[PDB]
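Residue-level structure breakdown
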6 protein chains.
Amino acid sequence: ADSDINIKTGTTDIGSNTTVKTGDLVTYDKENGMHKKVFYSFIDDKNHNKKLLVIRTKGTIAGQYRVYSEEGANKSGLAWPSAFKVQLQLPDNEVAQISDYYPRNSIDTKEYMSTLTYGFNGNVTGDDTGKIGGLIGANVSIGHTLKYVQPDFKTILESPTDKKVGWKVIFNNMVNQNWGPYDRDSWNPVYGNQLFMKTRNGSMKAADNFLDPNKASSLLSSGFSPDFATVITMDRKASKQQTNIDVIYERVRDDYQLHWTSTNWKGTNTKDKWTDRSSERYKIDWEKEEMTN
Amino acid sequence: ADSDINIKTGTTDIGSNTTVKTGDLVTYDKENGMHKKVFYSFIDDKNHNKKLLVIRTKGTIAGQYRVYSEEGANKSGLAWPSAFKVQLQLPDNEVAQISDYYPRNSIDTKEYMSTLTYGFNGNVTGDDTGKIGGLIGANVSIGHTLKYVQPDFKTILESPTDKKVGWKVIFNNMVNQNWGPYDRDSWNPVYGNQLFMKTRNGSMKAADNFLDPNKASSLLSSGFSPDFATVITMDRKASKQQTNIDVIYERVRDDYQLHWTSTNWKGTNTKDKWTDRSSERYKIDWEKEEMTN
Amino acid sequence: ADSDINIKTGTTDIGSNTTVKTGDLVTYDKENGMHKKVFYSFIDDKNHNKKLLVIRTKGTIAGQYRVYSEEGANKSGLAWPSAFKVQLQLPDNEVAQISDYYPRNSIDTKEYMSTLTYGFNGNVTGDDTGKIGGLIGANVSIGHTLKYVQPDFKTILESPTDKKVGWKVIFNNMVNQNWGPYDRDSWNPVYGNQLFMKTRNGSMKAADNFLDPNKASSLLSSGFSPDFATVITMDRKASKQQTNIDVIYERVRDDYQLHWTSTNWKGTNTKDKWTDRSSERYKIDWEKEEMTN
Amino acid sequence: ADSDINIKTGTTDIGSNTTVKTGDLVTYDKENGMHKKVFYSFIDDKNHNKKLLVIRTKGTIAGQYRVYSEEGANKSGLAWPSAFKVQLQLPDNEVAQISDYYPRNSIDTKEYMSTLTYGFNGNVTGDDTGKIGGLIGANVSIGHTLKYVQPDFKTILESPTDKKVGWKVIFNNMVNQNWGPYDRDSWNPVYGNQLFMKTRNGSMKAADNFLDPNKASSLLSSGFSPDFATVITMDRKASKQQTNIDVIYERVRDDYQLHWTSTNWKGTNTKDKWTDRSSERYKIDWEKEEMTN
Amino acid sequence: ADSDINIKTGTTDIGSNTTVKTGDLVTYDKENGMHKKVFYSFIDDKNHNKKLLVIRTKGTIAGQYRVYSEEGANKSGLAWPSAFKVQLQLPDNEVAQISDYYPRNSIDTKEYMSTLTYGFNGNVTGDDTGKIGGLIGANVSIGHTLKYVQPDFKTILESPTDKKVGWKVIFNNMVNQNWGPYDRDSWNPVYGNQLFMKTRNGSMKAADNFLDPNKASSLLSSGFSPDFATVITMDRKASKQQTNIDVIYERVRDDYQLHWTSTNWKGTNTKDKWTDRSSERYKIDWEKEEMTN
Amino acid sequence: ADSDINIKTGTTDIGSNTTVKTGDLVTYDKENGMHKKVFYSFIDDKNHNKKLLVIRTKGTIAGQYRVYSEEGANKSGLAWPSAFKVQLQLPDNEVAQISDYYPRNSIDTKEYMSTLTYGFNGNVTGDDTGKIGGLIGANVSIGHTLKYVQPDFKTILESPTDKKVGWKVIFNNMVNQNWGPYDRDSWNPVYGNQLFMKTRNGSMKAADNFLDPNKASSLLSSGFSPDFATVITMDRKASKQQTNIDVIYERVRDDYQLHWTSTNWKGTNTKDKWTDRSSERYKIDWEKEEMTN
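Residues numbered from 1 in each chain as written, not as in the entry; some residues may be left out. Chains lettered and ligands numbered in written order. Part of a larger assembly, values for the part shown. Heavy atoms only, no water.

What follows deals with the pairing of strand β15 (residues 229–233) of chain B. Residue and element names in this part refer to chain B. With five of five residues buried, β15 is to be regarded as a mostly interior element. Residue alternation in β15 divides its side chains into two sets, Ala229, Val231 and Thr233 and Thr230 and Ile232, and both sets are buried. Here strand β3 (residues 54–56) pairs with β15 via three bridges, running antiparallel. Bridging from a neighbouring strand, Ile55 pairs with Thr230 of β15. Two elements, strand β7 (residues 97–101) and β15, share four bridges in a ladder whose sense is antiparallel. When the bridges of β15 are listed, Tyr101 appears paired with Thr230. (Buried < 20%, exposed > 50% of the residue type's maximum accessible area, 1.4 Å probe, protein only. Helix = DSSP H or I, 4+ residues; strand = E, 2+ residues; numbered from the N terminus. Pairing = 2+ DSSP bridges.)

Bringing the sheet that holds strand β21 (residues 265–267) of chain E into the picture now. Residue and element names in this part refer to chain E. Read across the sheet, three strands follow the order β5-β20-β21 without closing on themselves; strand pairing throughout is antiparallel. Only two strands of the sheet have a single partner each, and these edge strands are β5 (75–76) and β21. Here strand β20 (residues 258–260) pairs with β21 via three bridges, running antiparallel. If you follow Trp260 over to β21, its bridge partner there is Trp265.

This part is about the relation of the copies chain D and chain B. Once chain D is rotated about the relating axis by 51 degrees and shifted along it by 0.0 Å, it coincides with chain B to within an RMSD of 0.4 Å. In this assembly the copies use different faces: only 9% of the residues contributing to the interface of chain D also contribute to that of chain B. (Least-squares fit on C-alpha atoms. Contact = heavy atoms within 4.5 Å.)

Before going further, it helps to spend a moment on the environment of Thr292 of chain E. Residue and element names in this part refer to chain E. Looking at the secondary structure, you find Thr292 in strand β24 (residues 290–292). When its relative accessible area of 43% is taken as the criterion, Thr292 is described as partly exposed. C-alpha separation for the pair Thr292 and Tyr68, spaced 224 residues apart in sequence, amounts to 38 Å. Other than its neighbours up to four places away in sequence, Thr292 contacts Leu25, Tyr282 and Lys283.

Residues and elements named next belong to chain A. Judged by pairing direction, the sheet is antiparallel, and its three strands sit side by side in the order β13-β17-β18 without closing on themselves. The sheet is open, and its two edges are formed by β13 (242–245) and β18 (290–292), each paired on a single side. Here the strands of the sheet are splayed against their neighbours by 25 degrees on average, with no regard to which way each runs. Sheet topology places β13 next to strand β17 (residues 282–285); four bridges connect them, and they run antiparallel. If you follow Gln242 over to β17, its bridge partner there is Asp285. (Axes fitted to C-alpha atoms, helices over the stretch in contact; angles between N-to-C directions.)

Turning our eyes to something else, we now look at the packing of aromatic side chains. Tallying each qualifying case throughout the model produces 82 aromatic pairs over all chains. On the numbers, 4.9 Å between centres and 15 degrees between planes, the contact of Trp167 of chain A with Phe228 of chain A is stacked. Note that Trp167 of chain A is positioned in strand β11 (residues 164–171) and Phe228 of chain A in the loop between α1 (218–222) and β12 (229–234), a separation of 61 residues in sequence. Across this residue pair, the class does not change: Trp167 of chain A and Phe228 of chain A are buried. Ring geometry for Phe84 of chain C versus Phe153 of chain C: centroids 6.3 Å apart, planes at 50 degrees, classification tilted. One end of the pair, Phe84 of chain C, is in strand β7 (residues 75–89); the other, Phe153 of chain C, is in strand β11 (residues 153–158), with 69 residues separating them in the sequence. Accessibility expressed as a relative area gives 2% for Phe84 of chain C, which makes it buried. Look at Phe153 of chain C and you get buried, because its relative accessible area is 2%. Among the aromatic residues, those joined into a cluster by ring pairs are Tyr65, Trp80, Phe84, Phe153, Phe171, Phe196, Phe210, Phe224 and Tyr256 of chain B. Sitting over the ring of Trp179 of chain D, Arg200 of chain D keeps its end group 5.4 Å from the ring centre. For the cation-ring pair, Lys273 of chain D lies above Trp274 of chain D, with the distance from its terminal atom to the ring centre recorded as 5.1 Å. (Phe/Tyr/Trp six-rings, centres within 6.5 Å; stacked < 30°, edge-to-face > 60°. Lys NZ or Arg CZ within 6 Å of the ring centre and 35° of its normal.)

The partner chain B presents 61 residues to the 66 residues of chain D that form the contact. For the pair chain D and chain B, the two sides together bury roughly 5,400 Å², of which 51% comes from carbon and sulfur. For the salt bridge of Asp4 of chain B with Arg104 of chain D, the shortest nitrogen-to-oxygen distance reads 3.2 Å. The interface formed by chain D and chain B includes 23 residue pairs in polar contact. Among the elements that take part in the side of chain D that touches chain B, strand β14 (residues 145–151) of chain D stands out by supplying seven residues, more than any other. Its residues assigned to classes, the side of chain D that touches chain B comprises 26 nonpolar, 27 polar and 13 charged. (Buried area = accessible area lost by both parts, 1.4 Å probe. Salt bridge = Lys/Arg side-chain N within 4 Å of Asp/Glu carboxyl O. Polar contact = N/O pair within 3.5 Å; in protein donor to acceptor, adjacent residues only side chain to side chain. Nonpolar A, V, L, I, M, F, W, Y, C, P; charged D, E, K, R; others polar.)

Turning our eyes to something else, we now look at the pairing of strand β15 (residues 265–271) of chain A. Residue and element names in this part refer to chain A. The pairing of strand β14 (residues 248–260) with β15 spans seven bridges and is classified as antiparallel. Bridge assignment links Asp255 to a residue of β15, and that residue is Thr270. The hairpin formed by β14 and β15 contains four residues between the paired strands, and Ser262 there has a positive phi angle of roughly 75 degrees.

Membership of the largest hydrophobic core comes to 51 residues, with the highest contact counts inside it found for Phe196, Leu220 and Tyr256 of chain C. Dropping the residues within four chain positions of it, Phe196 of chain C is found in contact with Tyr65, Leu78, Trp80, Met174, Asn209, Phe210, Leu211, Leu220 and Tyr256 of chain C. (Core = buried A, V, L, I, M, F, W, Y, C linked by side-chain atoms within 4.5 Å.)

Another point: the environment of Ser225 of chain B. Inspection of the secondary structure assignment puts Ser225 of chain B in the loop between β14 (223–224) and β15. By relative accessible area, which is 13% here, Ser225 of chain B ends up buried. Expressed as a C-alpha distance, the spacing of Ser225 of chain B and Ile61 of chain B, which sit 164 residues apart in the sequence, is 6.4 Å. In contact with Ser225 of chain B, other than residues within four places in its own chain, are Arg104 and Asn105 of chain A together with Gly59 and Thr60 of chain B.

Geometrically, the link from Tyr102 of chain C to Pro103 of chain C is a cis peptide bond, its omega value of 0 degrees lying close to zero. With respect to the helices and strands, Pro103 of chain C occurs in the loop between β8 (97–102) and β9 (111–127). A positive phi angle is found at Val247 of chain A, which is not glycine, with a value near 60 degrees. Mapped onto the elements, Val247 of chain A comes out in the loop between β13 and β14. The phi angle at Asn6 of chain B is positive, at roughly 70 degrees, despite the residue not being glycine. Topologically, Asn6 of chain B is positioned in the segment before β1 (22–29).

Structure, rendered in C-alpha cells:
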C-alpha cells in the first residue's frame, strides 16, 4: 500500500514516539446476558493535527437459543437470534467526530465457468444371420457453471454518519442435516420452512422435535463475540473537553413454531418477533486522558 | 523490486529520517449522507527534489437503496446506486501536480482448458432362442472450458491527467436467488430484466415484491467505503506556497421499474437516472505544513 | 487490523516496558487422569488503568476409551468421551472481572455451485436391407452442489459472563471404515447406530467387535490437550489484594451398547451416561504478583 | 538467492551506508493524453565500481477508446488501443550504459493430464413371455486435457541493447459476453471477427452496436499504468559528466468497423492503423546528482 | 494468539535476558541400532516461578525390514516395524514434574459435498417408411461425496501423566502398487492380507516375492527420526537438587509370513510379534545446570 | 516449535555471541566426474557442552547417460544412473560422534474420496400408430478415488549409526512420452520394459532408438547436486584433538539394452550393473579449528 507510492513503509502512519494511555472497561448485563467490554487508547501525537481515541467494542452476546413455548404435544415454539448488532453514537451538541470505523464492507466475488463439447460416434450391428446394420451420429453440449461462497453470518457496516457508526451481523442461509441453503424465508409448499426441523414425518413430542443446538451453528446457541474498532477525534484547542458516548448493543430474536397437520410436521417463521437492547453511556475526559463508565 | 535489481531493499525509498506532519480533516454531507474524510501527510525529505503530499480519501457513500415510488399495487419503482465516484482536481493556474496513485488498473487472467477423448466399446447379444449378435462402436470428443472471476463491483481508474485524478466503482453483474447472474442490460423476452425481482409469479403488492436488501450485495444497502491514495508534489521554490484542491464524492443512481403485465411480473431498468455530487474545497499551505477545509 | 486505521502496528498493544512475572502450576488428578497446567503471567503496566493476569489453561484429559463391562458373548458396552469441557469460574463476591478470552466462536463457511447444461444429438440408421432411419433429440440438465468442512470435534466457547467463562469440545461426527460420517444421532433400522461397529455380520465375541482405537480419532483414546486463555483485570485501588479463583476440568462419557439379534450386530448409544469433574482452587495475591496452589 | 550459496542475505546487495539523492519529474502531454512521470534515484557507493541511476517510468497512458465514425445506420467504425509501448534510449555518442531492467521475460508453464479408463457391462433381459437375453460390454476410453492461463494483455521486454531498452503491452485476447476468447486476428465465416460486437442479430443504429467500455477490460477504456525500472551506469572517471537521455511513450490504436450485410452484423479489424509518440528528452548531470528537464 | 488479547506479541513468553546452558548427550545401541540423542536446554529466569528444562528427544530408530526366516520355497516370513515409540519417565519419589510437551493431538477434518441434478430428454425417431416416435424421459440424482487425507503413519501422544509422557508412531495404512490402501487387518477371502505381496500369481521363490523396500514407505526400511520435546520444572527452593530421568526407544515388530496355497500366494499377518527397548537413564543436576549421561 | 511451549523463539538455539571459523574445500575427480565439495563451520559456544562442527557436503555428481555399446542395428546398450549416494564415516576407534542431520525421512500423505450416487428415470414412448409405452428405472453407484504425489527421485536416509551416516537417492519412476509411468521392474510381455524407449516399432538404427536425454529427467543426464548437512560433536576434554573423516560419493548405474526380436523393439533392464566410488579422507584439528586435506 504505502510502499507502492515508493514511500517508506509505515512513514504515513501515526502514533510514533508518543506515549499511549491505554485502558479497559468491563460490564455485564445479567438481564440480557450481554457481556460488554470496551478497550480504549489515547494517541496524543504532537505531529498529528488533532487528538485521537480508539474504541474497541470487544465483548460477547448470548445466543439465547431455547424453546420458549410449550403448548401440548401438537405444536411448540422456538426463539433464536436473527441478528446481533452493536452501535456507537454521540450527542449532537458535541464537537467530537468519528474518523474511521474498521472493519468496512467488501466486494464479493464469484467464479464463472463455461463449457462446450462435441461428439461423434458410430457402431456396426451384426448377428449369426449376417444382417449388418449401421449408425453414425453427432452430439453437442454447452453448459456454464457458477460458484461462490455463502457464509452463514455476514458482518455489515450500517451507513456511518458523523456522530454514529453501527455494525450488524445478520443470519444467512444455514445447512441443516446436509440439505440445501434453507435461508430465513425459505418456504416449502407441504412441509413449509425447514430451518430447524429435526425430522419431517416425526412422532415425538413437538417440543422435542428441534434441531440440536450442537448441530446448528455455534453463534445461535453459544453467542457471538464482536471485534469492531472505531476512532474518534477531538479538536486540539476545543473550549470544552468533556464529551459523551453511548456504546449500544442489540440482539434481534425470532420466533419459530412447529405444528402437526395430522400427516407431517410444518414450520413457519415470523421475523423480528422480539428485540432487547442494552445501552450504557461512558464519559470521556481528553484532558485527563481517561475513560470512565 | 529493488532486491531483484540487486539494489538493497528500501534504498530507493523516500521519507527516511524526516519528520512528517499529518492531519485528519473530516466532514459530513447530511443532505447526501456521504461521510467524507481526508487524511493527509507532509513528507518533506530534504534529499528529494520536490515537496510531497499524500491525500488519503477514506470515507463512505450511503447505499440509498429504497423504494421511492408507490404508484399502486400494479406498479412500483426502486432506486439503487450503480456507481460510486470520487475524484480530485486542482485549478489550472496552480503549479502543483499529481504524481502517483496506488489503486490502478490491473490486467485480468483466464484459465483456458482444452480436452480430447476417444474410446471404443464392444457388445455381445444373446438369448434363450440362441441368436448371437455383436456390435462394435467408436467415440470421439473435444471440448473447451473457460474460467474467470467476475467481481460484483469493479474498481477502475479514470484516465488520470495532471491536476485531475478520479476513480469509479461500477456495478458489474449480480447473482440473486442463486440463479444465473444478471447485469444492467440483461433482458428476458417474457420476464424482462430480473436484476432485483423477488419472485416471478408473485401475488403481493408491487412495492413489496422486491429483493431483500440483505440478500443483495452489502454495498447497495449498507454503502461503500472508498480507500484511494493520491500524492501531490509542488516545486520547492515556488513563488507562492499556497494551493487549493477540490474533492468530489459523486454518486450515480438508477431506477428499477416493476409492473404487472398480465400473468407475470415485468422488470425494466433505466440507466443513469439521478446523480448526486458533493464538492468541497480544501486549502493547502506548504509553508505551514497544514491543510484547512 | 491496527494498521488499517493508519495507526502504527502495535501502538495500541500493552505490556511494553514492563517486567512481567510469569509462573507455572502443575497438578495431576490420578483418580481421573486429568493433567493440569495453569501457566499464568502478571502484566503490570503503569500506562494501563488496571492490573492484568492472563491464565493459560493448558493440560491434558485422558481419553478413557475402553470396554467397561461385557455381558456374555452377545452383549457388550463401551465408554468413550463424548465431550470435554474447561470452565474457569470466579467467586461472585470478589471484584475481579474476566476481561477477554480466546479462542472464540467463528463464522462457518460453505461453497455453493450451480450447473446448467443442454445439448443436442442426432442419429442415422442404416443396414444392408437399405432401411434408413433418423433421430433428433435434446436435453437439459440443472444441478447445484454444496460442500463444506466438518471437523470431528468442534471447539465451542460457552456463553461467557463477568464471573464465569467456559469452553467445551463436542463430538461432531466420525467416519468409520472409510464409509459414512456417522454421529450420535444416526440410526439404521436394521443395524442401528454404527458409530463404533467393527463388523456388520461378525461372528467373534461381542467384546472383540469394537473399532480399534487406533483407527478412531486420536482424541477418543489418546486424550485431548486443551489450550485457552482468560485475561482477568482487577481494580488498581481495590481494598483487598486477593481473589480466589477456581478452574474446573471435566469430561462427559457415553455408553455404547451393542448386542446380537441372531442375524447381525446392532448398537445403541446413550448420551451423557457418566460425568466426572475435577475441581481446583487457586489463591491470587496481586500485591505479591504470584498465585499459589 | 545469497542464502542458498551460504552467503549472508543482503551481503551481495548494494546501496548500504550511502545517501541517495532522489527526485521526481512530472509532465503531461495534452495532445496525446499520456501523463508521464519519471522517478529517479542517484545511488553512488564508494565500494561500487561505478555510479548508478535507476529511472522509474511509472507514468500512465490513456485508453482512447471511442467511436470515431458515424457513416450511418449501415456501417460504423471504432478505434481502440492494441499495444502500449514505453522505451528508453540514450544517444549513441554518450558513454553511459544501461545495466539492468525489470520486469523481464519469464517462462510460462502448462498442466498436462493424461487419462485411461476400462469398463465392463452386463445385463439380463426378462419379460412375461419368459424370453431371457444377455449383453456384455468392454468399453475403453482415453483422453488428454491441457490447461493454462493466458492474460488478456501480455507484458514483453523488447531486445535490450546497450543504448536502449523497450517494453510492450500487447493485446493477447479478450472474452466477450461470456463467450470463447476472440483474438485480434480471429475470424468467422459469416459473422466475421467478433472482438467487439454487442449484438449479433441486432436492429439498432450501427454506432450503438458496440461492446460497452465497462464490460471490456479496464485498460482499453480506462488507460494503462506502466511501472518499469531501468538502471544506467556511468564511469567514475569519465571526462564529461553530462549525458542526455530520451524517454518515449507510444500507443498503437487499431480500427474496428461494423457493417450490415442485410441479414446480420459483420466486423473487420485492421492492425496498426494509427500511432503516436511523446519523445520527451531529459538532461542528466552526474556531478551535481540531479536530473531536470 | 498472544496478540489477539491486545497483548504485545512475545510479552507472555519466557526466557528473556537469561543465559541458558545446553548439551548433546548422545548414545548409540548397536544391539538394537537406535541412535539416541538428547538435546537438553537449561533455563533459569529470575522472573519465572520455577526452574525449567527442555529435553528434545530427537534421535533415530532403525527400520529393521528384512526376511527373518526362510523355510523353503513353499513359504517365507518377513519382519517389519509396526510402530515406533518413545517416552520419558521419572521415579515416583522425585519432586520434578512434567510441565509441557509437543507435538500434541490434533483434530481431524473432512470435506463433505452434496449433489443434486435434474434432467429432461426429448427426441423424434423417423425412417423412410414415415414412422414417428417420442420420449419425454427425466431423471434425478442425489449423489454424495466425502474426501479426507490419511497419513500412512500417525503420530499420537498417549495419555501423559505427571511423571510419564510418551509418544508413538503407528502404521495406519499403505498403498501397494497403486492397488489401494492396505492395513494390518485388511483381508481378502482368496488372497488374504496382501500388504507386502509383490505378485498375486507369482512363480519365483517365496522369499523373492516380497515388495521391494524402496517401493514401500521410507520409514519401514530406512528408519524414523523423532523430534518430540518435553519440559520439566522443579521448585527452586528444593532440598534435593538431583533428579533421575529415564528415556525409552522401544520398537514394535510384526510377522508377515507368506505361503503358497498351490494356486496363488496367500499372506497372513500377526500383530505385535517381537519387541525391544533400550531404557537409558540420565542424571540431572539443577545446581550445576548440567545433565550427566 | 520452540514458541508453542511459551519459550521465547530462538532461546534454545546455540551459536549466540560466538565467532565461527568457517571454511571450504573443493576437489574434483576427473575419473568419475564428481565435483565434491565440503563446507564446514566450527561452533564452540561456552554455554554449550561439547564442541560442534557442521559438514555440508554440497558437491555435485555427474549423470553419465550415454550408449556405452552399440552392435549394429540388431541391438544396443545404454547406461544410466540408477541411484546416487553420499555418506560420511569416522574411524572405529575415534571419539567424535554424529549428532544430527537435516534431510531426514518424512511421512507421506495420500488423499482419499468415496462417492455414492442414487438415480431414477422414467420416460413415455409413443408413435404415430398411437402405441404408448412406459419405462421406470433406477441405479446406484459407489466409487473410491485415491491420489498421491510420487517424485521421480525419492531421497532416503540410510540407518544413521553413531560412527557413520549416509543418505541415498533412488529412481522411483519416470513418465515417458506422456504415457503411464514406468520403473525398473515394469514389464510388458509384448514389448517389455519400455522405460527408455523411443519408438515402439521404429525402423531406425538400434543405437539411435533411445529416448532423448532432454526429454528424460534432468538428473539422469545433467547430474544431481546434493545438499546434506551433518553436525559432529567432540568432547572438549579429549586427550587427542585430531580427528579423521571419510567422505564417499558413490554412484550406481544400470544397463539398459534394446532387442529387436522380429518386428518390434524389446527392452530389458539389468539393475546394479556398475558402481563407482570416490572416497577422500579429511583431517580435523579441533584445537586449531580447521579442516585441511
